[PDB]
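Asker: The structure that follows is given in the form of structure tokens.
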Amino acid sequence: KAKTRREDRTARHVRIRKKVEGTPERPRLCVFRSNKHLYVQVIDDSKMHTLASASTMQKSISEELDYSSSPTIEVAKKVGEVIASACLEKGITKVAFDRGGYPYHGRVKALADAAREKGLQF
Amino acid sequence: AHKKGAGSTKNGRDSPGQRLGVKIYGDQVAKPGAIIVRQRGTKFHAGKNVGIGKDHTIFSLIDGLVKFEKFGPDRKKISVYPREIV
Amino acid sequence: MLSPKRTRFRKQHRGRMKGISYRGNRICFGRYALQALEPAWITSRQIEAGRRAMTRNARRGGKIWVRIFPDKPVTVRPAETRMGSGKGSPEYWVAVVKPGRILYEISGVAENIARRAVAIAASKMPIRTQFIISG
Amino acid sequence: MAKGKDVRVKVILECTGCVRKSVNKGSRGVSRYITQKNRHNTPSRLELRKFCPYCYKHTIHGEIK
RNA sequence: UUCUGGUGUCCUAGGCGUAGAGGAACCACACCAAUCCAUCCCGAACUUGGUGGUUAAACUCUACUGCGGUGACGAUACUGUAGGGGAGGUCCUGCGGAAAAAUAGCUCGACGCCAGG
RNA sequence: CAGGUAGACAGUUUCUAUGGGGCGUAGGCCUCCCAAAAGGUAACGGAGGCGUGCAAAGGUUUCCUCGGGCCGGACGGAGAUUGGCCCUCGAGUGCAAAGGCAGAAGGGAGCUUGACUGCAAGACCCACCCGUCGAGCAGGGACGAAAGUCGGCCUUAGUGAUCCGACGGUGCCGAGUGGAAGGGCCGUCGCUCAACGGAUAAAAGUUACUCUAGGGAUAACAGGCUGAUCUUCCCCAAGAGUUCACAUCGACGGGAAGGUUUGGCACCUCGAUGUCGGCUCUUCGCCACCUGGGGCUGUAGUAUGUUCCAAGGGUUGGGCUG
RNA sequence: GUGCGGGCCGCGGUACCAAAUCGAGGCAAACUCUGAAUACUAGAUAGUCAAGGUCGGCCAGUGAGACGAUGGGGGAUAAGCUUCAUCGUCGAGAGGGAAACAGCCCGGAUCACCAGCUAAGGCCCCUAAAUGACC
């Protein structure tokens with residue numbers, strides 16, 4: 001009948017912020033959790049490309065229990081550390097804090113903290 | 001004192017509302033456009049709040065000053081021909 | 001080029017009849033029609049004296065349609081000097097009748113009866129009128 | 001006081017720091033450096049705001065009890 | 001190459017409506033909830049621990065040209081410059097530029113980085 | 001010495017803008033349009049507001065995001081609380097208005113309160129004064145995990161210098177020295193000083209007794225331009241005229257001529273051109289009332305109505321009033 | 001056309017007397033989802049113009065200008081009327097032409113010269129110049 005415009009979710013959770021835009025794009029940290037696992041990514045800027053991308057499953061390859069729980073907070077810090085380290089070896093710590101939907105202590109509280117264990121400090 | 005009675009409005013106005021500099025130019029850290037005061041800060045020219053398509057300048061000069069509503073605010077940095085030696 | 005309106009905060013500037021650009025309608029309602037050649041300030045006492053005359057020679061027949069409407073007010077100076085702007089309702093109100101636009105429309109009748117009907121209606125109009133048909 | 005064309009007065013007070021001075025004036029009818037304006041009539045009384053005066057930085061401020 | 005998730009370059013040829021269809025490898029519902037935390041009322045939404053079932057809805061695709069939108073050629077309006085007419089108060093001519101509406105037609109996007117089958 | 005009375009006397013003020021003056025109105029700032037697509041740009045030209053509000057509608061963090069309508073429900077019979085659907089600047093923004101805004105300044109809550117001091121590259125806006133914006137730096141804080149924000153309130157008005165003075169701070173100075181008074185510097189307050197870039201701490205009128213310096217760029221009589229109104233003529237035309245539209249007249253409207261009316265303009269004259277009327281004596285033109293020559297006639301005749309050509313000529317004596 | 005309600009008998013019904021909405025046809029300085037010329041700002045280049053453009057200093061003058069074309073407010077889009085913007089002229093430059101009219105048009109005067117060619121406007125006579133040719 002009549003076309004209606006509705007601002008999408010990722011357009012009201014206060015995703016994009018000002019200041020950080022001092023650079024064409026701020027080094028955000030994709031710390032989103034699915035409905036079973038959690039995926040982390042240190043997406044770069046400018047146009048695209050990233051430094052290092054890790055997941056809950058990928059960790060299982062290095063050294064982790066097979067049928068081990070993932071949603072557990074214990075895995076959070078594990079997913080935040082696996083993505084780290086190598087990310088720094090790629091050049092230099094270029095990750096910031098970006099997350100809209102997790103009430104501070106969200107399943108990302110350990111993801112951001114894990115970065116403070118490899119070198120990233122703010 | 002304050003007057004009242006049969007009469008229309010009065011007193012003229014002038015902001016003014018023009019545009020300083022323009023695309024492709026050594027836009028110094030002054031204030032391009034600025035149709036309205038209270039314009040926030042912007043480390044570049046402008047290019048938003050209008051038809052599709054972003055504007056860009058060939059040369060910049062440490063931050064700038066453009067309107068808050070029209071043309072702006074701040075996002076990506078633009079500066080053709082890197083201002084560097086060698 | 002006027003029709004019964006309704007009360008409102010009507011009281012603005014005069015205006016200015018520009019090029020034929022705007023006006024340029026055609027023949028939609030009614031078989032034949034009638035257009036103008038030059039813009040002007042048509043008052044209400046002209047359209048009414050022309051509409052009733054359009055059916056005055058008919059009486060109980062087809063239907064009359066008006067694809068026009070006045071807007072531009074009309075302020076006139078009483079007799080004194082010029083201290084301010086006019087009222088806007090001393091005599092009446094008008095609009096702009098630029099050429100190319102359609103005015104009166106007649107249908108549901110013969111060609112002759114619909115021909116003489118527009119004749120008298122054209123006499124009531126201060127500006128010259130052009131008679132057309134269709135196509 | 002009752003507002004209107006008769007006898008009005010700008011309700012402008014001050015805010016002197018606790019046992020201190022500077023960034024504020026003290027007289028019969030004078031205002032501080034920040035020149036604060038209360039409402040008087042509207043439920044107010046007892047004003048205070050930690051401000052940074054001359055000596056050191058940040059204190060208490062807020063005179064006229 | 002196909003499919004899926006997050007984030008961009010482009011923002012209604014990329015929108016909406018309708019119909020069909022797919023996955024418990026991925027994503028959504030969903031199960032549980034004495035807790036960290038949230039709900040000025042309900043864990044509906046956030047959030048936390050996780051069998052089963054589902055993937056209806058939502059979302060991601062496909063098909064279908066109702067509703068939007070994109071958009072020629074020609075003509076017309078207007079206009080700079082240089083002139084000529086003129087009773088509606090405008091208009092014409094040489095020359096340059098020349099859209100809006102409308103018509104044929106296009107069209108129900110196309111891609112970039114990374115990760116998981 | 002001093003409190004009243006005290007223009008009887010003396011010294012002055014009593015604005016301007018204003019297509020004459022005067023009366024009225026209007027004489028800052030803020031919004032839109034006229035400014036004819038960069039700004040700027042007139043006129044008592046077209047519509048509305050301000051001389052503030054606010055311990056917070058301030059900042060920050062997180063979160064929440066309409067109007068209206070339809071279908072339903074105890075207290076509903078058009079709107080009120082609830083649930084679902086359509087939910088699209090067509091809501092809400094402290095107050096006028098334009099623009100802008102749902103990455104929200106919108107709305108709610110906690111913590112707080114930069115409604116920060118000292119400076120500030122580079123620029124806008126004005127003749128000047130003045131006004132506005134502003135990254136970053138130095139000394140200290142608030143909020144969030146953090147990045148990070150805030151130097152007032154979505155923005156634009158909510159205002160006004162100088163001088164005289166009150167008071168605090170500052171051992172700056174302080175005329176013999178040491179102090180002090182005073183002054184200087186830092187900070188703040190007093191003036192519908194609006195006729196508000198505000199001449200005074202404090203000031204209204206007449207002048208037909210008028211005077212002087214100037215001009216019609218500023219009026220009155222009049223000429224001129226122009227001329228809606230006025231006068232005359234003409235077009236279409238329902239009707240009146242018994243019937244029949246136009247012998248006569250003719251509603252609702254329209255197009256012109258002429259130009260003596262009422263006005264505007266106030267272009268040439270206030271180193272001036274004496275106003276009206278009457279009287280004396282005329283000149284010209286015309287849509288000439290009478291005389292003459294004609295058409296129509298709801299014109300029988302005698303007399304009239306209307307229209308066309310034509311003015312050659314002629315065209316009154318008194319009561320009352322200037 | 002559809003259609004809450006509401007007028008006249010009063011529930012079948014009824015001329016749009018009349019709100020939203022769908023289709024069709026218009027008006028607006030303060031409407032305008034779209035959208036010229038042109039003006040203006042800025043970066044290079046070829047020439048042209050005997051630095052014209054800019055800063056500082058000494059002496060000025062002038063602030064009631066008028067008119068025509070063009071784009072708009074006032075007046076009836078009435079005035080060589082009035083009030084703004086822009087260009088040109090007069091005003092601080094004649095002359096040629098419009099009979100005679102400074103402001104309209106052409107062209108814009110160091111000077112002499114019984115020296116020619118042109119612009120605007122014209123070519124029967126009066127003041128020079130075609131009663132020239134063809135339709």
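Residues in the structure tokens are named by chain (A, B, ... in the order shown) and by number from 1 within that chain; ligands are numbered from 1 in the order shown.
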Can you tell me, as an MDAnalysis selection string, what residues are no more than 8 Å from residue A:83 when counting only C-alpha atoms (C1' of nucleotides), ignoring any on the same chain fewer than 6 positions away?

Answerer: chainID A and resid 40:42 52:55

Asker: Okay, now the selection with N, CA and C atoms, as a CSV table (one decimal), in the first residue's frame?

Answerer:
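Result file follows (result_35.csv):
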```csv
chain,number,residue,atom,x,y,z
A,40,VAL,N,34.9,-13.1,16.7
A,40,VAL,CA,35.6,-11.8,16.9
A,40,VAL,C,36.4,-11.5,15.7
A,41,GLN,N,36.6,-10.2,15.5
A,41,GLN,CA,37.3,-9.7,14.3
A,41,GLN,C,37.9,-8.3,14.5
A,42,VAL,N,39.2,-8.1,14.2
A,42,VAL,CA,39.8,-6.8,14.4
A,42,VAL,C,39.9,-6.1,13.0
A,52,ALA,N,43.6,-9.8,12.0
A,52,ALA,CA,43.4,-11.2,12.4
A,52,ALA,C,42.0,-11.5,12.8
A,53,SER,N,41.4,-12.6,12.3
A,53,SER,CA,40.1,-13.0,12.7
A,53,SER,C,40.1,-14.4,13.3
A,54,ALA,N,39.5,-14.6,14.5
A,54,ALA,CA,39.4,-15.8,15.2
A,54,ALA,C,38.0,-16.2,15.5
A,55,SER,N,37.7,-17.4,15.9
A,55,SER,CA,36.4,-17.9,16.2
A,55,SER,C,36.5,-18.9,17.3
```

Asker: I'd like to know which residues of stretch 30-120 of chain C are strand (DSSP E or B) (by DSSP, run on the backbone); could you write them as a list in words?

Answerer: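 Residues meeting the strand (DSSP E or B) criterion: residues 32, 33, 34, 35, 36, 102, 103, 104, 105 and 106 of chain C.
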
Asker: Report as an MDAnalysis selection string all protein, DNA and RNA residues lying within 10 Å of residue D:25, evaluated on only C-alpha atoms (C1' of nucleotides), omitting residues in the same chain fewer than 3 positions from it.

Answerer: (chainID D and resid 14:16 21:22 28:33 35) or (chainID F and resid 167:169 187:188)

Asker: Mind writing the picked residues with N, CA, C and O atoms (P, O5', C5', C4', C3', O3' and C1' of nucleotides) as a PDB file, in the first residue's frame?

Answerer:
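Done, and the output landed in result_23.pdb:
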```
ATOM      1  N   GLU D  14      25.850  35.078  44.335  1.00  0.00           N
ATOM      2  CA  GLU D  14      27.238  34.665  44.165  1.00  0.00           C
ATOM      3  C   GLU D  14      27.474  33.272  44.738  1.00  0.00           C
ATOM      4  O   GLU D  14      26.555  32.643  45.263  1.00  0.00           O
ATOM      5  N   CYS D  15      28.712  32.799  44.636  1.00  0.00           N
ATOM      6  CA  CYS D  15      29.079  31.483  45.144  1.00  0.00           C
ATOM      7  C   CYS D  15      30.543  31.455  45.572  1.00  0.00           C
ATOM      8  O   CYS D  15      31.408  30.988  44.831  1.00  0.00           O
ATOM      9  N   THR D  16      30.815  31.959  46.773  1.00  0.00           N
ATOM     10  CA  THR D  16      32.175  31.992  47.299  1.00  0.00           C
ATOM     11  C   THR D  16      32.586  30.624  47.835  1.00  0.00           C
ATOM     12  O   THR D  16      31.781  29.918  48.442  1.00  0.00           O
ATOM     13  N   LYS D  21      38.697  32.494  48.831  1.00  0.00           N
ATOM     14  CA  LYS D  21      38.319  33.696  48.098  1.00  0.00           C
ATOM     15  C   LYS D  21      38.591  33.533  46.605  1.00  0.00           C
ATOM     16  O   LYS D  21      38.548  32.422  46.076  1.00  0.00           O
ATOM     17  N   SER D  22      38.865  34.647  45.933  1.00  0.00           N
ATOM     18  CA  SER D  22      39.146  34.643  44.501  1.00  0.00           C
ATOM     19  C   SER D  22      37.939  34.182  43.692  1.00  0.00           C
ATOM     20  O   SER D  22      36.968  33.668  44.247  1.00  0.00           O
ATOM     21  N   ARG D  28      27.984  44.569  49.044  1.00  0.00           N
ATOM     22  CA  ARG D  28      26.562  44.751  49.312  1.00  0.00           C
ATOM     23  C   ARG D  28      25.728  44.218  48.151  1.00  0.00           C
ATOM     24  O   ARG D  28      24.849  43.377  48.339  1.00  0.00           O
ATOM     25  N   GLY D  29      26.012  44.715  46.952  1.00  0.00           N
ATOM     26  CA  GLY D  29      25.285  44.278  45.774  1.00  0.00           C
ATOM     27  C   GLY D  29      26.223  43.942  44.631  1.00  0.00           C
ATOM     28  O   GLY D  29      26.275  44.655  43.629  1.00  0.00           O
ATOM     29  N   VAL D  30      26.966  42.851  44.784  1.00  0.00           N
ATOM     30  CA  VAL D  30      27.914  42.418  43.764  1.00  0.00           C
ATOM     31  C   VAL D  30      27.713  40.941  43.432  1.00  0.00           C
ATOM     32  O   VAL D  30      27.148  40.189  44.226  1.00  0.00           O
ATOM     33  N   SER D  31      28.175  40.534  42.254  1.00  0.00           N
ATOM     34  CA  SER D  31      28.051  39.148  41.818  1.00  0.00           C
ATOM     35  C   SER D  31      29.428  38.515  41.646  1.00  0.00           C
ATOM     36  O   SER D  31      30.426  39.215  41.479  1.00  0.00           O
ATOM     37  N   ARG D  32      29.473  37.187  41.686  1.00  0.00           N
ATOM     38  CA  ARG D  32      30.728  36.459  41.538  1.00  0.00           C
ATOM     39  C   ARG D  32      31.294  36.609  40.130  1.00  0.00           C
ATOM     40  O   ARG D  32      30.740  37.331  39.300  1.00  0.00           O
ATOM     41  N   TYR D  33      32.401  35.923  39.871  1.00  0.00           N
ATOM     42  CA  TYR D  33      33.049  35.969  38.565  1.00  0.00           C
ATOM     43  C   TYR D  33      32.205  35.237  37.527  1.00  0.00           C
ATOM     44  O   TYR D  33      32.203  35.594  36.349  1.00  0.00           O
ATOM     45  N   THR D  35      28.977  34.992  37.901  1.00  0.00           N
ATOM     46  CA  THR D  35      27.697  35.692  37.939  1.00  0.00           C
ATOM     47  C   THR D  35      26.518  34.729  37.848  1.00  0.00           C
ATOM     48  O   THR D  35      25.963  34.508  36.771  1.00  0.00           O
TER      49      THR D  35
ATOM     50  P     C F 167      33.202  51.890  50.051  1.00  0.00           P
ATOM     51  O5'   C F 167      33.400  50.320  49.872  1.00  0.00           O
ATOM     52  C5'   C F 167      32.601  49.396  50.605  1.00  0.00           C
ATOM     53  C4'   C F 167      32.697  48.021  49.989  1.00  0.00           C
ATOM     54  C3'   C F 167      34.107  47.473  49.830  1.00  0.00           C
ATOM     55  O3'   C F 167      34.545  46.842  51.029  1.00  0.00           O
ATOM     56  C1'   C F 167      32.930  47.206  47.800  1.00  0.00           C
ATOM     57  P     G F 168      36.119  46.688  51.319  1.00  0.00           P
ATOM     58  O5'   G F 168      36.521  45.343  50.567  1.00  0.00           O
ATOM     59  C5'   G F 168      36.027  44.081  51.012  1.00  0.00           C
ATOM     60  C4'   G F 168      36.518  42.976  50.107  1.00  0.00           C
ATOM     61  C3'   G F 168      38.025  42.900  49.917  1.00  0.00           C
ATOM     62  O3'   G F 168      38.636  42.158  50.967  1.00  0.00           O
ATOM     63  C1'   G F 168      36.961  42.776  47.812  1.00  0.00           C
ATOM     64  P     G F 169      40.198  42.364  51.284  1.00  0.00           P
ATOM     65  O5'   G F 169      40.935  41.729  50.023  1.00  0.00           O
ATOM     66  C5'   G F 169      40.818  40.339  49.732  1.00  0.00           C
ATOM     67  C4'   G F 169      41.401  40.038  48.371  1.00  0.00           C
ATOM     68  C3'   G F 169      42.842  40.474  48.162  1.00  0.00           C
ATOM     69  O3'   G F 169      43.747  39.487  48.641  1.00  0.00           O
ATOM     70  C1'   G F 169      41.533  41.179  46.326  1.00  0.00           C
ATOM     71  P     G F 187      39.275  40.786  34.802  1.00  0.00           P
ATOM     72  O5'   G F 187      38.244  40.599  36.003  1.00  0.00           O
ATOM     73  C5'   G F 187      37.910  39.299  36.482  1.00  0.00           C
ATOM     74  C4'   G F 187      36.922  39.399  37.621  1.00  0.00           C
ATOM     75  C3'   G F 187      35.687  40.240  37.345  1.00  0.00           C
ATOM     76  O3'   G F 187      34.689  39.479  36.674  1.00  0.00           O
ATOM     77  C1'   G F 187      36.601  40.852  39.435  1.00  0.00           C
ATOM     78  P     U F 188      33.616  40.223  35.737  1.00  0.00           P
ATOM     79  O5'   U F 188      32.527  40.774  36.762  1.00  0.00           O
ATOM     80  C5'   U F 188      31.708  39.877  37.505  1.00  0.00           C
ATOM     81  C4'   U F 188      30.926  40.626  38.556  1.00  0.00           C
ATOM     82  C3'   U F 188      30.065  41.775  38.054  1.00  0.00           C
ATOM     83  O3'   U F 188      28.806  41.305  37.587  1.00  0.00           O
ATOM     84  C1'   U F 188      31.304  42.487  39.935  1.00  0.00           C
TER      85        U F 188
END
```

Asker: Find the residues in chain G near chain B: any atom within 9 Å counts, using only C-alpha atoms (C1' of nucleotides). Write them as number ranges by chain.

Answerer: G: 41-43

Asker: Residues near stretch 82-91 of chain E, anyone? I mean within 10 Å using only C-alpha atoms (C1' of nucleotides), not counting same-chain ones fewer than 2 positions away, as a PyMOL selection string.

Answerer: (chain C and resi 17-20+37-40+127-128) or (chain E and resi 93-95) or (chain G and resi 77)

Asker: Please check the contacts: residues of chain B at most 12 Å away from chain F, using only C-alpha atoms (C1' of nucleotides), listed as JSON, numbers by chain.

Answerer: {"B": [1, 2, 3, 4, 5, 6, 7, 8, 9, 10, 11, 12, 13, 14, 15, 16, 17, 18, 19, 20, 21, 22, 27, 28, 29, 30, 31, 32, 33, 34, 35, 36, 37, 38, 39, 40, 41, 42, 43, 44, 49, 50, 61, 62, 63, 64, 65, 66, 67, 68, 69, 70, 71, 73, 74, 75]}

Asker: Residues of chain C within 8 Å of chain G, counting only C-alpha atoms (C1' of nucleotides) - could you list those as JSON, numbers by chain?

Answerer: {"C": [13, 16, 28, 67, 68, 69, 70, 71, 76, 85]}

Asker: Return as JSON, numbers by chain the residues belonging to chain F that are within 12 Å of chain D, counting only C-alpha atoms (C1' of nucleotides).

Answerer: {"F": [51, 52, 53, 54, 55, 56, 112, 113, 114, 115, 116, 117, 118, 139, 140, 141, 142, 152, 166, 167, 168, 169, 170, 186, 187, 188, 189, 190, 192]}
